[PDB]
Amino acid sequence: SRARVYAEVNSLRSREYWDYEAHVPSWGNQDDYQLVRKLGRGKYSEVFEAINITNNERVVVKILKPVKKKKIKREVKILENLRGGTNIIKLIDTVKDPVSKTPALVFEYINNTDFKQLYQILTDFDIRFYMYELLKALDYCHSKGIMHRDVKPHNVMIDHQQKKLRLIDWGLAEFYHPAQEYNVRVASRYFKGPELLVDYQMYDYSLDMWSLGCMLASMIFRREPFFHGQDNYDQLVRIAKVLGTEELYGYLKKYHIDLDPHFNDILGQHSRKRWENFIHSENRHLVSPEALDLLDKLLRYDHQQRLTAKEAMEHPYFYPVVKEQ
């Protein structure tokens, strides 16, 4: 299996570009920054609102928890490669604790409004507008030979007042190389593509497009998350109940994918559902023929038949956004 697009991007560039293990970051001093407030925390980091003491600017400091330095080099190099990218969070600095040498990444501040509150009040145009902005970031990183691999609402910062969007947390991102087998333990359960859920390691940029399709569905239909699995097994069941079981098996046959025998107990028999089935009185104003056509071309089992970010950007759904400029 080969990506349709940007497939040989990294092989045509200097080894230096993608060989992140040989990257040597310049680590500044964290003394330049004053921590103000904890914003969040995960497995790999804790994130703080901070002030740059010299220019008085508000920033975000991500303090990295004990992981192998390889993964830190990967994230830092990916961010350097994506610098100036449209709607990619800007890395301002890479600094270390002056006593423990704990590394930290410093990012631009975005006045984010959490998706739970935001997604309930988005208009049809808002959804089109923000999906377009997010697609700009995905086309950009894919064009730079990079898969994000953790596209989800929590990783998309939206300033709804200034209409700014940033794709954040590149800690799971990886360089795409044709025929390389990747770890399927990436992305968050609700946004994992079928390829991950059936342990298919030869995936590519199209993984991110499945995740974006999941977001689009949650926004236009107001079921968030759209596919709400209780575990990784049930996640695929939720998907197959909509996309259909025979279509799943057709996908597995095409790529010679072996299905975990535990799926025999739980997968059942389900016909493909019409997307119009998810329309009701509270989401009618967000759904259009154009929106359903785009969604149908994103949420496909066949990772090679999903729209690329660029093809999705060119879809009629986004015409009102392009006209407004």
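Superpose the two forms; the largest set of C-alphas matching within 1.5 Å is the rigid core. Numbering starts at 1 and runs along the sequence shown.
- Between stretches 116-124 and 96-104, greater average Cα displacement in 5 other deposited structures of this protein relative to the shown form, fitted by the core, falls on 96-104.
- Larger root-mean-square CA separation from the shown form, computed after a rigid core fit of the structures in 5 other deposited structures of this protein, is seen for 32-40 when 279-287 is set against 32-40.
- Stretches compared: 101-109, 131-139. Higher mean C-alpha B-factor in the entry: 101-109.
- Comparing the deposited coordinates for 33-41 and 290-298, the stretch with the larger average C-alpha B-factor is 33-41.
- Which of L307, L12, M313, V24 has the largest Cα B-factor in the deposited entry comes down to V24.
- The entry lists a Cα temperature factor for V95 that places it in the highest third of the chain's modelled residues.
- Among the modelled residues of its chain, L118 has a C-alpha B-factor that falls in the highest third, as given in the PDB entry.
- Ranked within its chain, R166 lands in the lowest third, by CA B factor from the PDB record.
- Annotation for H154: CA B-factor lies in the middle third of the chain's modelled residues.
- Among all modelled residues in this chain, the alpha-carbon of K253 has a temperature factor (C-alpha) in the middle third.
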